[PDB]
Each structure stands twice: as C-alpha cells, then as structure tokens.
Amino acid sequence: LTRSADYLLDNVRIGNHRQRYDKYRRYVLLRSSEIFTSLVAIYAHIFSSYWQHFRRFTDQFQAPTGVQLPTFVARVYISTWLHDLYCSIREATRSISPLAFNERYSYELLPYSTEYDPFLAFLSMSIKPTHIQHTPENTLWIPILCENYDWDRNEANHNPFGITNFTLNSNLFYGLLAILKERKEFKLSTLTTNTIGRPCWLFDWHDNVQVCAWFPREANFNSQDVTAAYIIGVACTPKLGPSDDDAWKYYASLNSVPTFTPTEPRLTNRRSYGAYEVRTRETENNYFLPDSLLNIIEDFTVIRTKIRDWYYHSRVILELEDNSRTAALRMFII
Amino acid sequence: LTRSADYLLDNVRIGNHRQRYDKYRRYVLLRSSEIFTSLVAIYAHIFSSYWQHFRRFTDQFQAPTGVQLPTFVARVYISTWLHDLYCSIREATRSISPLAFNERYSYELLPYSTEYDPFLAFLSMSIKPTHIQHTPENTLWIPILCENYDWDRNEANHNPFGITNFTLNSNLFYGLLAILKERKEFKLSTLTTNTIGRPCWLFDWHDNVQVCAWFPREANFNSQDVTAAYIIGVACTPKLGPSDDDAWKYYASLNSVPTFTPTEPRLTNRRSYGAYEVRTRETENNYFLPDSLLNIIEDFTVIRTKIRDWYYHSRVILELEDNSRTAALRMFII
Amino acid sequence: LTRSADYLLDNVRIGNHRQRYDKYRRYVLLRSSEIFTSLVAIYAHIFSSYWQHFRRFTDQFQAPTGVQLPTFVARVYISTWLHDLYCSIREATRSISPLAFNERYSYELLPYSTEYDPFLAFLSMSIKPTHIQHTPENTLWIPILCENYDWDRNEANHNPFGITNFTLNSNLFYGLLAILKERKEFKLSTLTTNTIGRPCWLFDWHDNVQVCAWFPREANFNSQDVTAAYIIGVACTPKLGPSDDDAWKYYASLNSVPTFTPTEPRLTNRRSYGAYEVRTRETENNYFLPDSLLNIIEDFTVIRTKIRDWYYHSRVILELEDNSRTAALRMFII
Amino acid sequence: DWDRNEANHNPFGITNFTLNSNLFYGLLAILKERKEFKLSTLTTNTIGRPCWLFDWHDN
Amino acid sequence: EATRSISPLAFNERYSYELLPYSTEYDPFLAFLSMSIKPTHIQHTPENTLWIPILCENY
C-alpha cells in the first residue's frame with residue numbers, strides 16, 4: 001500500500017500539516033514566592049546541621065527581627081540564586097525565541113555567582129525554556145518570574161520580584177560561598193550553559209500529594225525530574241493539564257451538596273480520559289445570570305450556542321476527492 | 001540560506017501545495033466532422049494517384065449519388081479509422097482515469113483493424129488522453145468524439161457520430177487493406193498500445209493560418225506534432241487558450257467600427273501577456289440589459305461587483321508568522 | 001514523421017514563431033514602502049536582541065519621535081540598503097538590457113556600503129532584472145523602486161523614493177557597520193555583482209496567507225526564494241498572475257451580498273484553470289454607466305462588443321496550403 | 001537633442017530615423033538563428049580607418 | 001577617481017561631475033602631488049580622520 005501512499009503524497013492529498021510551529025512559545029508564570037519559601041526552609045535545615053562552620057563568619061551580620069541566623073543565611077543564599085536564575089532564563093531565551101527575550105527579559109542583570117550547590121545548579125539547569133513533545137501542541141514553555149519587576153540598583157533594597165523576605169547581601173553571599181568551597185562536606189557545581197531545561201517545574205499539583213504529569217514520560221522526563229520536583233515540595237506553576245469540564249449546576253443559596261470523590265453524578269457524559277484523573281469542583285458564589293438571559297426573564301414578565309475548539313496533533317488529509325480515491329485503490333487492487 | 005529553508009519546511013510554513021492533483025482530467029470535445037472531411041479529402045488524393053491498383057477491386061461497389069470512387073474509398077477508410085479511434089480512446093481511458101471510462105466510454109465496440117497507414121497510426125497514437133505540463137494546471141486532456149452516440153448494430157447503417165458521409169463497409173475495407181498490404185508503394189503500421197497521447201490535436205486555430213500553442217514546447221511537443229496538426233488542415237478542438245478579455249462597449253444599433261488589428265483602443269488595461277497574441281472581437285447582436293439594471297432604469301423613471309478567479313501553479317507559503325520569520329532570519333545572519 | 005517535419009521546416013511552412021523576443025523587458029514597480037516597514041520591523045528585533053552592543057553607540061543620536069532606538073537604527077540600516085539597491089539594479093541593467101539603463105537607471109550613485117548582513121546581501125542578489133521561463137511570455141522583469149526619483153545631494157534631506165520614515169545617516173550607518181563587523185555574533189557578506197536575479201520578489205500575495213506562484217517551479221525557483229519571500233512577510237510587487245473574471249453584477253443600494261467562500265453564483269462559466277486558485281471580488285459603489293447606455297435611455301425617456309486578446313506561448317503553423325499537406329502526407333505513407 | 005522616450009527619440013536630424021526595440025531585437029534574433037546571416041561583435045579599438053574620409057566628386 | 005573607491009559619499013556630494021584629464025603624464029613633482037593631494041588618512045590624533053581636499057565649493 002506504500003505505492004498508493006506515495007501517489008497520495010506526490011499529489012498533495014495526505015500530509016502532516018500543522019497550524020503551529022514546532023517549538024511553539026508559551027509563557028507560564030512561576031510562583032517564585034512559594035518556591036522561595038520552601039527552598040529557604042529546606043536549606044536552613046542543611047545549614048543548621050553544619051552551623052559550627054558558619055557561626056564565626058555570620059557573627060558580623062544581624063538577622064532583621066526574629067529570624068534565626070541559619071534561616072537568614074538561607075534567605076540570602078536563595079535570594080541570590082533567584083537573582084541569578086533570572087539571568088539564566090534571560091540568556092537562555094536570547095538565543096532560542098529571541099522575541100520572548102525582547103518582550104519579557106530585556107532588562108539586563110549581572111549574575112552574582114557561577115557556582116552553587118548541586119541542587120540549585122540542577123534547578124538552574126532545569127528552569128530554562130522546557131520543550132514538551134507528544135502533547136497535542138509541540139510546545140516550548142518559558143518560565144516568567146514576574147509580570148512586573150520593580151528594578152533598582154540599591155543592593156540592600158533590591159527586590160526585583162514580589163517576594164516578602166527577599167534579601168540580597170554581597171558580603172554574606174561571598175563569605176558563604178568561600179566557606180562552602182573550603183568545607184569538604186559541601187559540594188559546589190558550575191552552572192551549565194544549556195538553553196533547554198527539564199520539566200521538573202511543570203507538573204500539576206492538586207489538593208493532596210496528587211502531583212501528576214500532563215505529558216508523556218518518554219522524551220520528556222526521567223524521574224530525576226520527579227525528584228527535583230519532590231525536593232521543591234510546592235507547585236512551581238499553575239495547573240496546566242487538561243480537564244473534562246461538566247455543565248454548570250445552579251442553586252439558590254449555599255445549599256450545595258459536598259464534593260464526592262465517591263463521584264456525585266456529573267451532568268454531561270465523558271469525552272476525554274487519562275490514565276490518571278483528578279476530579280475537582282468549582283463553586284461560584286455571586287453569579288447573577290447572562291444579561292441576555294435577564295432580558296429574557298424580563299420579556300417573560302430557549303436557544304443556546306457554544307463554541308467548541310477541537311485541538312489535534314496534525315492534519316492528515318489535505319484534499320479529498322473521488323478521482324484520487326479511485327486511483328489509489330486501483331493501484332492496489334489491480 | 002538552505003538551513004533556513006529546511007527550518008521552514010520541517011515546521012510546515014512554506015511548501016508546494018496545490019488544490020488540484022497532477023493529471024487533472026478535462027474532457028474536450030473533438031470536431032470529428034471537420035477532421036473527417038479534411039482526412040477524406042487528403043486521402044482521396046493519395047488514392048487517385050494510385051488508382052490502377054484499386055480500380056479492379058472497387059468495381060463491385062457503387063458510390064452513393066455522385067461521389068467518385070477514390071472519394072468513396074477514402075470515406076470508407078476514414079470512417080473505419082474513426083470507428084477504431086473510438087476504441088483506442090476507450091481502452092486508453094480504461095487504465096488511466098477509469099472514471100472517464102465509466103462516464104464517457106462505457107459502450108464497447110470491437111475494432112475493425114489493428115493496422116493502418118503510418119499517418120492514421122500516428123494519429124491513433126496521438127489522440128489519446130494527452131498530458132500537458134507547465135501550464136498553470138497540470139492537466140490530462142481526454143478527447144470526446146461525441147456527447148451522444150446513437151449506437152446500432154447494422155453495419156451498413158451504423159453512424160455512431162454525427163458525421164454526414166460516415167460510411168462503414170467491411171468487404172471494401174478488408175479488400176483495401178489487403179491491397180495496401182501487397183502493394184509495395186503503401187506502408188502499413190501496427191497501432192501501438194500506449195495510454196498517453198501527444199498534443200497534435202490540441203492547438204488553437206484562429207481566423208488566418210494563425211495556429212498557436214497555449215502550452216510550452218519543452219516537455220509537451222516536438223514539431224512532429226506540428227506536422228501532424230498541419231496535415232489535418234483544420235482545428236481538432238475548440239479554442240482552449242487564455243485570453244485577456246476587455247470591457248464591453250455598448251452601441252444602440254449596428255453602428256460599430258470595424259475590428260482593427262491596427263489596435264483600436266481597448267477599454268481596460270492589459271494584465272497578462274504571451275510571446276504571441278491574437279486579438280479578436282465578440283459582437284452580441286441582441287442583448288437587452290441585466291434585469292436588475294432594467295429595474296434600476298424603471299426606478300429612475302451605481303454599484304458594480306465582479307468575481308475574479310486567480311489561478312496559479314502552486315501555493316508556496318502555507319503559514320506565515322513573525323516568530324518563524326525571526327527564527328529563519330536569525331539562523332542566517334547570526 | 002521527421003522527414004515531413006524537415007520538409008515543412010525547410011520552407012517556412014511551420015516553425016516556432018513568437019512576437020516577443022526572448023528576454024522581453026517588463027518594468028514592474030516595487031512596493032518599496034511596505035517592504036521597507038516589514039524589513040525595519042524584522043531587523044529592530046534582531047538589534048534589540050543584542051542591544052548591549054548598541055546602547056552606548058546610539059547615545060549620540062536622538063530618535064525623531066516616540067520611535068524606539070532599535071527601530072531608528074533599523075530604519076537607517078534599511079534606508080541605506082534601499083539607496084544601495086537602486087545602485088545594484090542600475091549596474092545590473094548595464095550588462096543586461098541597456099535600454100532599461102537608458103530610460104530608468106541613468107542617474108549615477110555610488111553605494112554607501114559593499115557589505116551587508118547575509119540576508120540583505122541576498123535580496124541585493126535577488127531583486128535584479130530577473131528572468132522567468134516557461135510562462136506564455138518569456139520575460140525579463142526589471143524592478144522599479146520609483147517612477148520619478150527625486151534625487152538630492154544633501155543626504156540629510158535625501159529621500160529619493162517616496163518612503164515615509166526613510167532616513168539616511170552616514171554617522172549612524174558607518175558606526176553600526178563597524179559594530180556589526182567587530183562583533184562575533186553578526187556576520188557580514190559582500191554584495192555579489194551578478195546580473196540576473198531570483199523570483200523571491202514576484203510571488204502573488206493573497207487574502208489570508210495565500211502566497212502563490214504564477215510561474216512554474218521548474219527552472220524558476222528552488223524554495224530558497226520562497227524563504228526570502230517569507231522573511232519579507234509582505235508583497236514586493238503588485239499582483240502579476242493570471243485571472244479568470246466573470247461579468248459585472250449591478251446593484252442599486254448597498255445590498256451587495258458578501259463574497260462567500262460558499263462560492264457565490266458566478267455568472268459566466270470558467271475558461272482557464274490552475275492547480276491553485278484564489279477567488280476574490282472587486283466592487284465599484286458609484287460606477288457611472290459608460291456614456292452610451294445613458295444616450296440609449298435618454299432617447300428612451302443595445303449592441304455589445306468585447307475585445308479578446310488571446311495570448312499564447314508560440315505560433316506553430318505559419319503557412320497552410322493543400323499541396324504541402326499532401327506532400328508531407330505523401331513522403332510519410334509512401 | 002537627446003531624449004529618454006525611445007519612440008520619439010531622434011538625436012541627430014535624420015528624417016526617417018526610427019528606434020523600435022521590439023523590431024530591432026526580433027530582427028537580431030532572426031539574423032542570429034538564420035544560417036545565412038552572420039553577426040560579428042563590435043571591436044573595442046580606438047583608432048579608425050579612412051574609409052569615411054575620401055572626397056566624392058562629380059561623376 | 002580616488003573618492004570613488006574610498007568614501008563614495010564624497011563622490012556623491014562633491015565629486016559627481018565627470019571630467020577626463022588632459023594628460024596622464026607630468027613631471028615627477030606634479031605626478032607626486034597628484035599622488036599626495038588625495039583623500040589622506042591621519043592616525044593617532046584625537047579624531048581618526050580621512051581628509052578630503054576640495055578645490056572649490058561651487059565648481
């Protein structure tokens with residue numbers, strides 16, 4: 001049947017057409033406030049179990065209000081790492097997708113370090129513009145640290161993102177790096193200069209520990225990424241996976257039944273399925289009606305439309321007509 | 001710049017798309033009445049210069065009213081050749097374009113001869129479904145002998161086309177073939193079994209000897225086809241070439257100026273040109289008006305639209321957007 | 001059938017006749033201001049991607065208005081390239097078609113630069129007296145930047161063509177050329193001194209993305225010209241392809257039905273076809289009747305004529321007489 | 001008396017002077033393809049010959 | 001002709017009018033100033049300059 005397929009490919013009848021190019025850019029806004037908190041919390045623990053090695057250097061600095069010195073040192077460390085992560089993503093988007101550079105990462109920062117611990121170096125390597133394959137849309141997800149930044153040059157006042165306890169301190173940072181360098185307990189890693197990251201930061205986090213992948217495991221991730229997502233015990237992005245929405249139910253007041261994972265009945269039927277599924281419910285407290293529906297009630301002293309957007313991986317048949325069908329059949333059965 | 005082109009071809013941005021397949025079928029109605037007359041006239045001349053060899057065999061038959069015996073013999077010869085040409089085209093369209101077989105050539109005839117003179121054999125080889133390349137539409141022209149046929153089995157009454165002096169005669173034909181076979185003056189040729197013809201029959205014939213090709217000479221014809229069209233001193237098909245139509249001019253009565261090949265002025269400008277051009281004029285004697293225009297005159301006691309159909313060889317750019325432009329430029333200048 | 005062909009060719013009976021010579025010169029006016037804006041917009045982004053090398057160089061200049069500085073740099077760059085493109089077309093017309101040199105390109109200018117980025121050095125090579133083969137007219141198209149050229153010697157106010165934001169700045173241009181030369185990310189190629197261009201600037205740009213080639217792909221273009229047409233994301237010339245239009249429809253009030261892709265009922269049947277077709281519809285909402293129907297209705301309170309210009313690739317038969325037909329048949333079948 | 005529109009172009013004062021690029025280039029193609037007509041390229045020399053300087057007298 | 005290969009802008013603004021020279025031979029000194037009075041280049045001054053000699057403003 002390959003002769004018939006070549007006939008249908010020379011005359012351009014069948015194909016592999018797509019409306020969207022291969023590494024289609026998508027901005028996704030990072031948390032950077034939950035990540036910061038959890039990273040500070042998990043690094044203060046590693047700092048306090050080795051505090052004899054940092055106690056004499058950090059006696060010159062003072063923690064702001066009631067912060068313990070390990071927590072303050074971890075805050076400075078993580079704030080500097082985030083500062084440099086901005087620059088990592090900026091220099092990664094300059095090369096690939098130069099338009100996201102121009103419209104999201106035009107402002108230039110200089111990085112404070114080229115050397116962090118192995119895990120922060122891994123996260124620097126991973127939170128670049130990740131490439132996701134075999135989903136309906138071949139995509140390049142680009143992390144956005146903030147929609148607006150509020151730059152300024154004062155180092156002790158710089159808070160380029162909306163993080164509460166973001167603290168930059170050069171003396172502390174470089175003394176701390178020197179300590180980590182000379183202590184044989186602690187490892188350090190040079191930040192790589194790759195341009196495509198890993199999907200460690202892209203999983204969907206639900207109410208339980210129900211963290212789930214909306215992309216295939218083959219060609220995307222390899223469970224070192226699941227480990228990197230595990231160490232950051234919070235969601236890194238909003239929920240990006242598909243869902244099979246039901247129809248809205250209406251109630252007069254707050255008299256709705258509780259949500260049943262025992263599967264209270266959904267109005268419509270099911271259309272799309274996954275190997276793993278999470279069922280949620282979205283309540284809306286103050287919804288009056290569509291204003292056209294209000295007009296209808298007033299005229300009462302019904303027609304209903306809905307736009308469906310089907311999305312696919314490609315378009316396989318481009319031009320169909322019975323002459324080509326008959327030819328491609330004849331060249332197979334005669 | 002080939003890297004940028006491969007980038008624009010993997011992401012399907014540029015291409016070679018066409019809405020019509022490669023050997024697109026087109027029925028064109030043959031004359032078959034002018035061809036018959038001119039072929040009879042040019043074969044009666046070759047028969048009368050060798051009449052000593054046909055005089056004793058043809059004394060048993062009688063020409064109908066006032067026809068000379070060479071003309072009658074040529075009529076029988078050409079009528080049988082046309083009968084067999086029907087079958088040639090039918091068996092050619094069976095294989096390629098089996099749908100034109102089903103809808104134009106379903107009726108089965110049996111051919112009388114597999115052997116004609118070299119020129120009628122050449123014409124049998126040439127008036128099959130010709131393939132024309134490098135015109136805007138890659139086409140397969142299929143000759144139609146008649147729109148309706150009026151079959152019947154009586155051999156002496158069979159006139160499967162609308163030809164006046166179409167005469168079938170088996171005894172005459174086979175004696176004549178035997179004579180042509182044993183006379184060393186006359187050659188005979190076995191009809192080939194090809195399926196694609198030659199464009200000998202497809203040229204456009206104008207008022208003068210202005211016979212002109214609406215297709216390139218390279219890959220189409222080679223001046224043996226011009227010779228075969230020359231020997232048939234009439235048009236084989238209607239005029240199939242393109243023309244740059246002007247706007248209509250209006251006159252009250254027949255007071256129009258004569259047509260000037262000295263180029264009386266045309267209303268609109270020119271859009272399309274050829275290396276050869278023939279200018280004609282189309283008079284229409286009884287044209288009242290569009291009925292909407294008559295309604296407008298009555299309402300008088302203006303808006304004008306026109307559908308333009310642009311036709312091309314292919315579609316070269318399929319999906320354009322500035323991200324791909326910038327990428328394909330960056331990968332050439334950086 | 002070659003002896004008869006040779007005999008008909010020794011006499012001027014048949015041949016390959018055309019009314020236009022081989023590279024028939026046709027002037028075609030470039031857009032020159034849509035191209036300008038498209039190129040400025042595509043190059044401002046490239047410059048902004050590496051703006052850390054132009055932010056100090058451009059501190060000496062001031063942008064005319066709210067136009068950003070990368071757009072200013074790109075505008076000066078593209079204006080200089082257009083200025084030099086005039087000169088490159090001028091030197092190409094000197095070796096090919098000296099008549100175009102005498103009528104359209106007599107004014108002498110030396111180019112600002114002989115080095116440009118690989119893309120503008122590619123369009124410099126392409127936008128030239130290009131040659132199109134295997135279309136009805138064998139044409140050499142000559143690009144025209146402007147009809148009247150409005151020259152000037154003071155290069156601050158110099159705007160030869162009628163481009164809006166055209167700006168010549170030798171200080172800016174030569175500083176920018178030094179920057180592009182010393183930088184390792186920017187590459188510069190010298191302009192090639194060829195005479196014949198490429199069809200990268202002649203495709204027809206239609207409604208949505210429908211860019212379509214009105215000429216064969218064989219011997220004309222090779223998908224690198226489609227890439228150059230792609231990076232210039234606009235039309236370079238007006239519509240030059242064939243069109244099969246029908247009669248005019250008339251309307252009293254603006255009740256004109258919108259041009260439906262459902263294929264609004266065309267009046268006349270189609271004559272010429274292509275592999276790819278685009279259907280449009282032009283309007284004239286105040287058209288006055290052509291002074292003849294006005295006469296007719298005035299003496300009321302019609303004869304129609306039309307000039308057709310049938311264009312062809314060649315004329316194949318030059319002189320048709322019965323004696324040569326019979327001689328060509330006789331040397332074939334005897 | 002120069003001119004750029006080569007239809008009305010008559011630089012010198014010749015009476016029946018006519019420039020036609022269509023005619024000229026078609027005729028050049030004819031003379032080139034025909035085997036009886038020969039065409040030579042113009043030589044780029046500087047000094048000419050006296051073929052145009054003799055004195056033409058009565059008979 | 002020197003401004004044509006170096007700084008075509010000086011050719012466009014100041015040296016567009018075409019003249020052919022009377023001579024290509026002069027005594028060794030005027031053939032030296034011919035070689036010298038040209039678009040000269042000066043280095044290691046605050047401005048790296050190409051000076052273009054102008055015989056007259058309006059010609």
# chains A, B, ... in the order shown; residues from 1 in each chain; ligands from 1
call {"tool": "select_by_dssp", "arguments": {"residues": "chain E", "states": "helix (DSSP H, G or I)", "output": "JSON, numbers by chain"}}
result
{"E": [2, 3, 4, 5, 8, 9, 10, 11, 12, 13, 30, 31, 32, 33, 34, 35, 36]}
call {"tool": "interface_residues", "arguments": {"of": "chain A", "to": "chain B", "cutoff": "7 Å", "atoms": "only C-alpha atoms", "output": "PyMOL selection string"}}
result
chain A and resi 11-12+17-19+21-22+319
call {"tool": "atom_distance", "arguments": {"atom1": "CA of residue 55 in chain A", "atom2": "CA of residue 190 in chain A"}}
result
25.7 Å
call {"tool": "residues_around", "arguments": {"residues": "residue 42 in chain E", "least_positions_apart": "5", "cutoff": "12 Å", "atoms": "only C-alpha atoms", "output": "list in words"}}
result
residues 47, 48, 49, 50, 51 and 52 of chain E
call {"tool": "atom_distance", "arguments": {"atom1": "CA of residue 273 in chain C", "atom2": "CA of residue 136 in chain B"}}
result
6.8 Å
call {"tool": "residues_around", "arguments": {"residues": "residue 224 in chain B", "least_positions_apart": "5", "cutoff": "12 Å", "atoms": "only C-alpha atoms", "output": "PyMOL selection string"}}
result
(chain B and resi 119+122-123+126+198-201+217+229-231) or (chain C and resi 1-9+14-15+316-317+328+332)
call {"tool": "residues_around", "arguments": {"residues": "range 288-293 of chain C", "least_positions_apart": "4", "cutoff": "10 Å", "atoms": "only C-alpha atoms", "output": "PyMOL selection string"}}
result
(chain B and resi 248-252+289+302-304) or (chain C and resi 284+297-300+302)
call {"tool": "select_by_dssp", "arguments": {"residues": "range 92-334 of chain A", "states": "strand (DSSP E)", "output": "PyMOL selection string"}}
result
chain A and resi 115-116+130-132+139-144+189-190+204-205+211-212+315-317
call {"tool": "residues_around", "arguments": {"residues": "range 40-52 of chain D", "least_positions_apart": "3", "cutoff": "12 Å", "atoms": "only C-alpha atoms", "output": "JSON, numbers by chain"}}
result
{"D": [28, 31, 32, 37, 55, 56]}
call {"tool": "write_last_selection", "arguments": {"atoms": "N, CA, C and O atoms", "output": "compact mmCIF listing (two decimals), in the first residue's frame"}}
result
# COMPACT_ATOMS: atom_id res chain seq x y z
N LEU D 28 17.21 40.95 -34.65
CA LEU D 28 18.50 40.42 -34.23
C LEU D 28 18.42 38.93 -33.94
O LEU D 28 19.33 38.17 -34.29
N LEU D 31 18.36 37.24 -37.41
CA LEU D 31 19.69 37.21 -38.02
C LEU D 31 20.62 36.27 -37.28
O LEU D 31 21.56 35.73 -37.88
N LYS D 32 20.39 36.05 -35.99
CA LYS D 32 21.26 35.15 -35.24
C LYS D 32 20.93 33.69 -35.50
O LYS D 32 21.84 32.87 -35.67
N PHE D 37 22.65 34.42 -42.39
CA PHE D 37 23.10 35.68 -41.84
C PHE D 37 24.16 35.43 -40.78
O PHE D 37 24.00 34.57 -39.92
N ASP D 55 37.11 62.09 -50.79
CA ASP D 55 36.36 63.18 -51.38
C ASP D 55 35.57 62.68 -52.58
O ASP D 55 36.14 62.09 -53.50
N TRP D 56 34.26 62.92 -52.57
CA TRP D 56 33.35 62.40 -53.58
C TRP D 56 32.98 63.52 -54.55
O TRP D 56 32.34 64.50 -54.15
call {"tool": "residues_around", "arguments": {"residues": "range 57-72 of chain C", "least_positions_apart": "4", "cutoff": "9 Å", "atoms": "only C-alpha atoms", "output": "PyMOL selection string"}}
result
chain C and resi 40-41+43-48+51+53+76-77+167+172+175-176+179
call {"tool": "write_last_selection", "arguments": {"atoms": "N, CA and C atoms", "output": "mmCIF file, in the first residue's frame"}}
result
data_model
loop_
_atom_site.group_PDB
_atom_site.id
_atom_site.type_symbol
_atom_site.label_atom_id
_atom_site.label_comp_id
_atom_site.auth_asym_id
_atom_site.auth_seq_id
_atom_site.Cartn_x
_atom_site.Cartn_y
_atom_site.Cartn_z
ATOM 1 N N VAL C 40 12.195 46.826 8.403
ATOM 2 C CA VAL C 40 12.532 47.572 9.610
ATOM 3 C C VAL C 40 12.022 46.840 10.838
ATOM 4 N N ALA C 41 10.788 46.339 10.777
ATOM 5 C CA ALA C 41 10.232 45.619 11.912
ATOM 6 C C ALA C 41 10.964 44.310 12.162
ATOM 7 N N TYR C 43 14.135 43.737 11.551
ATOM 8 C CA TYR C 43 15.516 43.980 11.958
ATOM 9 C C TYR C 43 15.632 44.687 13.299
ATOM 10 N N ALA C 44 14.616 45.461 13.684
ATOM 11 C CA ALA C 44 14.612 46.055 15.013
ATOM 12 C C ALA C 44 14.672 44.990 16.095
ATOM 13 N N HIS C 45 14.035 43.838 15.870
ATOM 14 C CA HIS C 45 14.080 42.765 16.857
ATOM 15 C C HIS C 45 15.457 42.123 16.931
ATOM 16 N N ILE C 46 16.099 41.901 15.785
ATOM 17 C CA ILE C 46 17.460 41.382 15.795
ATOM 18 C C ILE C 46 18.373 42.318 16.566
ATOM 19 N N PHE C 47 18.255 43.621 16.317
ATOM 20 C CA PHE C 47 19.102 44.582 17.011
ATOM 21 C C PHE C 47 18.815 44.592 18.507
ATOM 22 N N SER C 48 17.539 44.631 18.890
ATOM 23 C CA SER C 48 17.181 44.596 20.302
ATOM 24 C C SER C 48 17.672 43.343 21.003
ATOM 25 N N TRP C 51 21.169 44.417 21.870
ATOM 26 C CA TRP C 51 21.251 45.824 22.245
ATOM 27 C C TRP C 51 22.360 46.169 23.238
ATOM 28 N N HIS C 53 25.278 45.999 22.695
ATOM 29 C CA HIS C 53 26.369 46.495 21.876
ATOM 30 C C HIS C 53 26.013 47.753 21.105
ATOM 31 N N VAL C 76 17.562 53.433 9.650
ATOM 32 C CA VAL C 76 18.733 53.937 8.936
ATOM 33 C C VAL C 76 19.399 52.818 8.142
ATOM 34 N N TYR C 77 19.528 51.636 8.744
ATOM 35 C CA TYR C 77 20.110 50.483 8.064
ATOM 36 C C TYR C 77 19.358 50.149 6.778
ATOM 37 N N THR C 167 15.404 57.485 6.185
ATOM 38 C CA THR C 167 16.381 58.332 6.859
ATOM 39 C C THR C 167 17.782 57.863 6.509
ATOM 40 N N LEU C 172 25.540 57.290 11.768
ATOM 41 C CA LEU C 172 24.873 56.120 12.321
ATOM 42 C C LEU C 172 25.188 54.876 11.511
ATOM 43 N N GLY C 175 29.012 53.787 11.908
ATOM 44 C CA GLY C 175 29.218 53.241 13.239
ATOM 45 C C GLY C 175 28.567 51.881 13.418
ATOM 46 N N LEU C 176 27.334 51.730 12.927
ATOM 47 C CA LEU C 176 26.643 50.451 13.016
ATOM 48 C C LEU C 176 27.342 49.380 12.192
ATOM 49 N N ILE C 179 30.214 48.201 14.196
ATOM 50 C CA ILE C 179 29.743 47.323 15.266
ATOM 51 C C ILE C 179 29.465 45.926 14.726
#
call {"tool": "atom_distance", "arguments": {"atom1": "CA of residue 220 in chain A", "atom2": "CA of residue 27 in chain A"}}
result
18.3 Å
call {"tool": "interface_residues", "arguments": {"of": "chain D", "to": "chain C", "cutoff": "12 Å", "atoms": "only C-alpha atoms", "output": "PyMOL selection string"}}
result
chain D and resi 2-7+9+19-30+33-35
call {"tool": "interface_residues", "arguments": {"of": "chain C", "to": "chain E", "cutoff": "7 Å", "atoms": "only C-alpha atoms", "output": "list in words"}}
result
residues 109, 110, 111, 112, 153 and 154 of chain C
